[PDB]
2 protein chains.
Amino acid sequence: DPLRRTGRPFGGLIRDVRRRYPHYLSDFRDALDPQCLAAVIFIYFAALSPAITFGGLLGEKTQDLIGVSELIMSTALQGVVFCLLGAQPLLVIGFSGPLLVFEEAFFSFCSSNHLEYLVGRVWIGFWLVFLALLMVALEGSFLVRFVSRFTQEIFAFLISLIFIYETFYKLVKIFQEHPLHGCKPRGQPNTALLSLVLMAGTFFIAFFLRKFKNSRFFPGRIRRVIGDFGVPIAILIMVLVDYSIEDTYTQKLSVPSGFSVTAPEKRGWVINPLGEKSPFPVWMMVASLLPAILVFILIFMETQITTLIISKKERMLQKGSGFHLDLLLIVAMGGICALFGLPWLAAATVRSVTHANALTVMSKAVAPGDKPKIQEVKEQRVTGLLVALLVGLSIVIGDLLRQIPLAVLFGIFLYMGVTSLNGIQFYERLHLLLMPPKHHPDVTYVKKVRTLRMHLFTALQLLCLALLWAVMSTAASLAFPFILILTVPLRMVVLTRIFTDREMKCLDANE
Amino acid sequence: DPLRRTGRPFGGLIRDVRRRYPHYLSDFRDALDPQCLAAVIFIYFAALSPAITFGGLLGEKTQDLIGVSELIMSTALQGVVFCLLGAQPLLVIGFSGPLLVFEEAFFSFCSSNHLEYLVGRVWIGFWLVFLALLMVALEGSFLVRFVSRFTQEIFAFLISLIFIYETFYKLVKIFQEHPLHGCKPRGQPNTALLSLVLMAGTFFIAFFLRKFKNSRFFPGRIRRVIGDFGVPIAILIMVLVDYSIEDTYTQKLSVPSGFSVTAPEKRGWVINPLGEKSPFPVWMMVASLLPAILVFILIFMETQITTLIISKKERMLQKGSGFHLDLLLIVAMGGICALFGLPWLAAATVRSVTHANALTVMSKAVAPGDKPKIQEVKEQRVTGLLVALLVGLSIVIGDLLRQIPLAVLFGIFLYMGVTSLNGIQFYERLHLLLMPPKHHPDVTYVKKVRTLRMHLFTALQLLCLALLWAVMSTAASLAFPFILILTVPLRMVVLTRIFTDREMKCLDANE
């Protein structure tokens with residue numbers, strides 16, 4: 001049991017190191033496969049685009065202190081280091097909305113109280129490093145044993161729903177700013193419809209090529225090779241399609257040029273821990289502990305839940321995972337980066353899931369039978385390193401990246417969001433709310449429990465998810481991780497009383 | 001055996017009358033079903049739109065002698081009479097391209113001969129009536145027993161392919177006349193993309209609602225009721241969507257106003273056989289026999305092949321079909337109508353198939369089983385009569401019909417064309433050309449015949465179909481029926497020599 005209290009200092013870290021490191025040379029040898037290259041190509045864009053979007057947003061919110069170049073450098077460096085020395089290379093680390101909310105709140109607080117914005121973050125990082133070291137020393141990462149399925153399912157469903165909603169909402173603004181009237185360009189004709197056509201075409205091509213993979217046409221080898229290259233093929237096809245058109249205007253991908261800070265007139269690479277232009281008050285030296293706890297809670301919750309989700313026994317992960325080394329590495333890297341004015345990073349989730357399930361191999365299921373069961377996942381240390389390296393050097397190139405419209409990427413994002421719902425018991429039980437009781441499948445949680453009890457369980461889960469979404473939307477969005485943690489006591493106290501033992505084992509089974 | 005030489009004069013007609021008429025009151029009592037109303041709504045537009053398009057084309061080709069109003073009246077009257085007294089009410093009577101080609105050729109011939117056009121189309125009708133009576137008297141309709149599957153499959157596939165190609169080509173002209181530039185309408189912005197969006201949306205909504213019918217969601221009754229109303233729902237949804245948009249211009253459905261001739265200044269309802277402005281030469285009175293034979297061959301071939309296709313034993317038609325009464329009625333109506341200047345009509349293959357397979361009922365199948373087998377077809381005499389009556393009076397209304405864009409109808413036409421390919425062995429054997437030999441299904445023409453022989457048979461069929469299409473495209477398009485008839489001797493002579501008896505029985509099975 002990896003999540004066992006050894007009883008000795010740094011015991012969990014040492015156990016993880018001995019468990020994972022022996023299979024080191026095998027990690028790099030398992031990269032000889034076309035699926036690896038397809039995964040690299042697919043994940044490069046998924047990692048790059050959010051970096052640019054969030055960098056633009058962060059630059060807009062702050063007074064041009066953190067922009068896009070800093071975010072790109074931070075992502076590249078942290079990803080490279082984590083994939084070189086991490087224990088779970090199937091994790092993609094990048095900005096997250098909660099981080100943006102916290103950064104904006106901290107900037108507002110500093111402006112209100114007349115304090116430097118890039119000086120407090122250094123002390124926040126110092127406190128974060130100290131807290132991570134203290135927690136790893138005491139083996140406090142064993143508490144993940146109490147994060148059951150009732151929380152992982154809610155987290156995954158909420159993340160996927162938010163992803164889909166954001167992708168859909170990014171397209172309404174194009175119609176709002178380019179209305180259909182007829183007679184930084186604004187008010188252009190033939191733009192809002194061309195964007196929609198491009199996005200729909202990309203999505204449908206990707207979906208069709210995914211379906212063709214499991215079909216009975218063509219030889220098996222060629223069919224599988226083409227099926228695993230669907231996303232690049234769709235991207236290439238519609239990029240060419242929009243390139244053919246000449247007079248219409250579409251928004252392109254914008255990547256800054258030059259490895260330099262956004263505002264060199266008032267910034268530098270190295271930030272003095274003390275005041276840079278005026279003395280830093282001492283009272284803030286020790287008062288920085290409070291935001292450090294919040295940042296640590298956010299990062300820990302996100303990373304641990306993502307690692308739990310991508311390590312389910314249904315998925316065939318053979319080399320093993322580690323909950324101690326990964327957290328230490330991520331928190332230390334985040335704390336150290338603040339000394340250079342770079343933002344913090346954490347495991348993505350949707351990107352991590354799309355990366356993990358893009359390397360899976362499905363076994364033949366004969367003519368009849370259920371959906372083919374997972375055979376292997378093919379983990380290695382080459383894909384993530386390559387993705388991070390490519391994202392880091394996306395500045396030297398960028399003339400080619402300027403010929404790619406954003407509407408094409410919106411379809412890929414929608415395809416990523418829709419396919420991430422597969423493998424969640426909550427989603428599968430949501431279908432049963434519409435099917436008649438005689439058509440329910442032969443799963444364990446169907447024969448051993450009554451239909452009404454399962455429906456009540458699903459309704460309670462939906463209520464919790466709706467409450468979490470409502471909390472996130474409200475201005476008090478910094479308390480989301482705290483509200484998420486409350487699900488564990490809920491399951492431990494209320495659900496045990498409401499439901500019987502057999503029902504709880506059947507619905508909330510570990511495997 | 002319906003196709004048996006009775007010997008007695010007019011024996012086939014009498015046999016058909018006694019076989020079909022007894023089940024008369026049942027035809028009108030089987031119309032109490034929501035599926036009947038759904039079929040009526042679906043088929044109304046499919047019948048109306050081609051009438052308008054072909055009427056416009058005919059008016060353009062001739063000097064405004066036959067237009068749209070005459071075609072509408074002819075369709076309505078002939079449909080009503082045929083459905084009231086016909087033996088196979090599952091047939092839809094409407095113009096056909098070959099008829100347009102023949103009409104244009106006849107007009108061109110009469111133009112450079114100093115001869116009338118409408119006067120010359122009365123003797124053709126007289127000769128057609130005489131020929132139909134002579135053939136029915138001698139029981140010459142028994143020859144349809146030599147038309148095997150090798151010809152029906154080719155005919156059906158060619159008709160469906162031409163339908164799909166025409167529907168797709170109707171959309172390229174919109175882009176050609178409304179190019180994307182940006183700055184009797186012409187050169188408008190946002191018009192070529194809105195039409196594409198509307199067509200795609202209509203098609204996809206119809207397809208999704210069709211798939212939802214066979215799913216496991218919702219109660220069976222509600223699911224089936226919603227599934228059989230997919231086309232009207234799609235039409236309504238996008239008509240509303242297009243109506244919401246204000247200033248963008250789209251082409252609407254246009255129908256003439258008033259029950260009057262297109263060119264009253266130089267035409268009338270009744271045409272004098274002797275002449276209208278100048279005496280009609282006698283030499284042409286007896287020379288009209290030649291075009292009469294060609295028209296008779298066209299109508300006979302089309303109607304007989306359509307009746308054969310819709311009467312396959314795979315489909316469950318229990319009330320019986322008639323090959324003599326139907327042909328007699330159709331030819332007599334076509335000949336008589338020419339006396340009033342109205343065009344001839346014939347059964348429509350695609351419309352007839354879509355009508356027949358829109359009234360079918362599917363039985364419940366096994367979860368790990370094949371597609372459900374057909375249970376019944378639910379034939380009656382109310383749907384076709386209602387469709388003809390509605391098309392006839394589509395002139396009093398038309399303010400409502402002017403709010404329906406054509407791009408919406410293009411999607412319905414594409415859906416009709418794609419779904420018509422189901423049930424053809426030639427189409428099913430085309431998939432096998434791509435599947436590996438180990439995945440071929442468990443059918444009789446797979447186990448009893450070596451794969452290469454079946455592929456050779458499919459290749460020969462494809463060669464014949466390509467030759468027929470090439471002949472149709474070429475200017476010498478009036479010889480298409482003659483080329484089609486040559487397939488029967490080909491099958492009787494060459495295929496028998498090339499292939500063995502055992503292979504021929506399996507590949508060319510009657511049932």
# chains A, B, ... in the order shown; residues from 1 in each chain; ligands from 1
call {"tool": "closest_atom_pairs", "arguments": {"of": "stretch 313-396 of chain B", "to": "stretch 265-282 of chain B", "cutoff": "7 Å", "atoms": "only C-alpha atoms", "output": "tab-separated table"}}
result
residue	atom	partner	partner_atom	distance
B:339	CA	B:271	CA	6.1
B:340	CA	B:270	CA	5.0
B:341	CA	B:271	CA	6.9
call {"tool": "closest_atom_pairs", "arguments": {"of": "stretch 404-509 of chain A", "to": "stretch 198-220 of chain B", "cutoff": "12 Å", "atoms": "only C-alpha atoms", "output": "CSV"}}
result
residue,atom,partner,partner_atom,distance
A:430,CA,B:217,CA,11.9
A:431,CA,B:217,CA,8.5
A:432,CA,B:217,CA,8.7
A:433,CA,B:217,CA,9.2
A:434,CA,B:217,CA,5.7
A:435,CA,B:217,CA,4.5
A:436,CA,B:218,CA,6.3
A:437,CA,B:219,CA,10.0
A:438,CA,B:216,CA,9.7
A:439,CA,B:216,CA,6.8
A:440,CA,B:216,CA,9.2
A:441,CA,B:216,CA,11.1
call {"tool": "atom_distance", "arguments": {"atom1": "atom CA of residue B:234", "atom2": "atom CA of residue B:53"}}
result
22.3 Å
call {"tool": "select_by_dssp", "arguments": {"residues": "stretch 299-372 of chain B", "states": "helix (DSSP H, G or I)", "output": "ChimeraX atom specification"}}
result
/B:299-310,325-340,349-356
call {"tool": "write_last_selection", "arguments": {"atoms": "N, CA and C atoms", "output": "mmCIF file, in the first residue's frame"}}
result
data_model
loop_
_atom_site.group_PDB
_atom_site.id
_atom_site.type_symbol
_atom_site.label_atom_id
_atom_site.label_comp_id
_atom_site.auth_asym_id
_atom_site.auth_seq_id
_atom_site.Cartn_x
_atom_site.Cartn_y
_atom_site.Cartn_z
ATOM 1 N N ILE B 299 -41.987 5.757 -70.155
ATOM 2 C CA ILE B 299 -42.942 5.646 -69.056
ATOM 3 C C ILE B 299 -43.029 4.208 -68.564
ATOM 4 N N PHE B 300 -43.114 3.252 -69.492
ATOM 5 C CA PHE B 300 -43.230 1.850 -69.114
ATOM 6 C C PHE B 300 -42.018 1.399 -68.315
ATOM 7 N N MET B 301 -40.814 1.687 -68.816
ATOM 8 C CA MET B 301 -39.611 1.281 -68.101
ATOM 9 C C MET B 301 -39.598 1.855 -66.693
ATOM 10 N N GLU B 302 -39.796 3.171 -66.570
ATOM 11 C CA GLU B 302 -39.718 3.794 -65.252
ATOM 12 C C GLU B 302 -40.742 3.191 -64.296
ATOM 13 N N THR B 303 -42.011 3.150 -64.712
ATOM 14 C CA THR B 303 -43.068 2.695 -63.815
ATOM 15 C C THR B 303 -42.872 1.237 -63.422
ATOM 16 N N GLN B 304 -42.561 0.377 -64.396
ATOM 17 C CA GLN B 304 -42.415 -1.042 -64.100
ATOM 18 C C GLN B 304 -41.236 -1.297 -63.173
ATOM 19 N N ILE B 305 -40.098 -0.639 -63.411
ATOM 20 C CA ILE B 305 -38.951 -0.866 -62.542
ATOM 21 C C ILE B 305 -39.238 -0.365 -61.131
ATOM 22 N N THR B 306 -39.897 0.790 -61.004
ATOM 23 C CA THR B 306 -40.230 1.284 -59.671
ATOM 24 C C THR B 306 -41.160 0.319 -58.942
ATOM 25 N N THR B 307 -42.184 -0.182 -59.638
ATOM 26 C CA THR B 307 -43.109 -1.122 -59.016
ATOM 27 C C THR B 307 -42.394 -2.398 -58.595
ATOM 28 N N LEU B 308 -41.476 -2.889 -59.429
ATOM 29 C CA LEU B 308 -40.699 -4.066 -59.057
ATOM 30 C C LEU B 308 -39.879 -3.803 -57.801
ATOM 31 N N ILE B 309 -39.226 -2.643 -57.735
ATOM 32 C CA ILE B 309 -38.346 -2.359 -56.606
ATOM 33 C C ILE B 309 -39.139 -2.264 -55.308
ATOM 34 N N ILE B 310 -40.275 -1.558 -55.322
ATOM 35 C CA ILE B 310 -41.024 -1.382 -54.076
ATOM 36 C C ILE B 310 -41.815 -2.614 -53.667
ATOM 37 N N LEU B 325 -53.138 -2.813 -64.543
ATOM 38 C CA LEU B 325 -54.026 -1.690 -64.269
ATOM 39 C C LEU B 325 -53.242 -0.401 -64.066
ATOM 40 N N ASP B 326 -52.129 -0.471 -63.332
ATOM 41 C CA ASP B 326 -51.338 0.727 -63.074
ATOM 42 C C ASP B 326 -50.815 1.331 -64.371
ATOM 43 N N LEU B 327 -50.212 0.503 -65.226
ATOM 44 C CA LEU B 327 -49.675 1.009 -66.483
ATOM 45 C C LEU B 327 -50.782 1.565 -67.367
ATOM 46 N N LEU B 328 -51.907 0.852 -67.459
ATOM 47 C CA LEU B 328 -53.021 1.341 -68.263
ATOM 48 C C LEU B 328 -53.475 2.712 -67.783
ATOM 49 N N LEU B 329 -53.708 2.850 -66.475
ATOM 50 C CA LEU B 329 -54.181 4.120 -65.938
ATOM 51 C C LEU B 329 -53.176 5.233 -66.197
ATOM 52 N N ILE B 330 -51.895 4.973 -65.931
ATOM 53 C CA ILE B 330 -50.888 6.021 -66.068
ATOM 54 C C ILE B 330 -50.786 6.478 -67.517
ATOM 55 N N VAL B 331 -50.724 5.527 -68.452
ATOM 56 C CA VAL B 331 -50.555 5.900 -69.852
ATOM 57 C C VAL B 331 -51.801 6.603 -70.379
ATOM 58 N N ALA B 332 -52.991 6.125 -70.002
ATOM 59 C CA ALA B 332 -54.211 6.784 -70.452
ATOM 60 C C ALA B 332 -54.296 8.209 -69.918
ATOM 61 N N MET B 333 -53.968 8.406 -68.639
ATOM 62 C CA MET B 333 -53.987 9.751 -68.077
ATOM 63 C C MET B 333 -52.975 10.651 -68.772
ATOM 64 N N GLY B 334 -51.769 10.138 -69.025
ATOM 65 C CA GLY B 334 -50.776 10.936 -69.721
ATOM 66 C C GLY B 334 -51.223 11.333 -71.114
ATOM 67 N N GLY B 335 -51.818 10.395 -71.850
ATOM 68 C CA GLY B 335 -52.286 10.709 -73.190
ATOM 69 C C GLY B 335 -53.430 11.705 -73.196
ATOM 70 N N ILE B 336 -54.371 11.559 -72.262
ATOM 71 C CA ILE B 336 -55.525 12.452 -72.231
ATOM 72 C C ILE B 336 -55.106 13.867 -71.851
ATOM 73 N N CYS B 337 -54.189 13.997 -70.889
ATOM 74 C CA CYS B 337 -53.809 15.320 -70.403
ATOM 75 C C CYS B 337 -53.214 16.184 -71.508
ATOM 76 N N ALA B 338 -52.545 15.571 -72.487
ATOM 77 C CA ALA B 338 -51.946 16.347 -73.568
ATOM 78 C C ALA B 338 -52.978 17.160 -74.336
ATOM 79 N N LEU B 339 -54.241 16.732 -74.337
ATOM 80 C CA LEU B 339 -55.283 17.484 -75.026
ATOM 81 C C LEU B 339 -55.540 18.838 -74.379
ATOM 82 N N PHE B 340 -55.155 19.014 -73.116
ATOM 83 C CA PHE B 340 -55.310 20.279 -72.413
ATOM 84 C C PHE B 340 -53.991 21.026 -72.260
ATOM 85 N N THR B 349 -39.044 7.286 -58.706
ATOM 86 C CA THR B 349 -38.395 6.210 -57.965
ATOM 87 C C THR B 349 -38.049 6.635 -56.543
ATOM 88 N N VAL B 350 -37.374 7.776 -56.389
ATOM 89 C CA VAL B 350 -36.911 8.179 -55.065
ATOM 90 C C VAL B 350 -38.087 8.566 -54.178
ATOM 91 N N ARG B 351 -39.032 9.340 -54.715
ATOM 92 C CA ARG B 351 -40.207 9.709 -53.933
ATOM 93 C C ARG B 351 -41.029 8.481 -53.563
ATOM 94 N N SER B 352 -41.197 7.550 -54.505
ATOM 95 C CA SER B 352 -41.948 6.332 -54.212
ATOM 96 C C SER B 352 -41.270 5.511 -53.124
ATOM 97 N N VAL B 353 -39.944 5.379 -53.192
ATOM 98 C CA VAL B 353 -39.223 4.604 -52.185
ATOM 99 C C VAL B 353 -39.339 5.268 -50.820
ATOM 100 N N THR B 354 -39.158 6.590 -50.774
ATOM 101 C CA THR B 354 -39.256 7.307 -49.508
ATOM 102 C C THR B 354 -40.663 7.236 -48.934
ATOM 103 N N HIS B 355 -41.679 7.174 -49.795
ATOM 104 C CA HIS B 355 -43.048 7.017 -49.318
ATOM 105 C C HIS B 355 -43.284 5.613 -48.777
ATOM 106 N N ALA B 356 -42.811 4.594 -49.496
ATOM 107 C CA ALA B 356 -43.033 3.215 -49.074
ATOM 108 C C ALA B 356 -42.314 2.904 -47.769
#
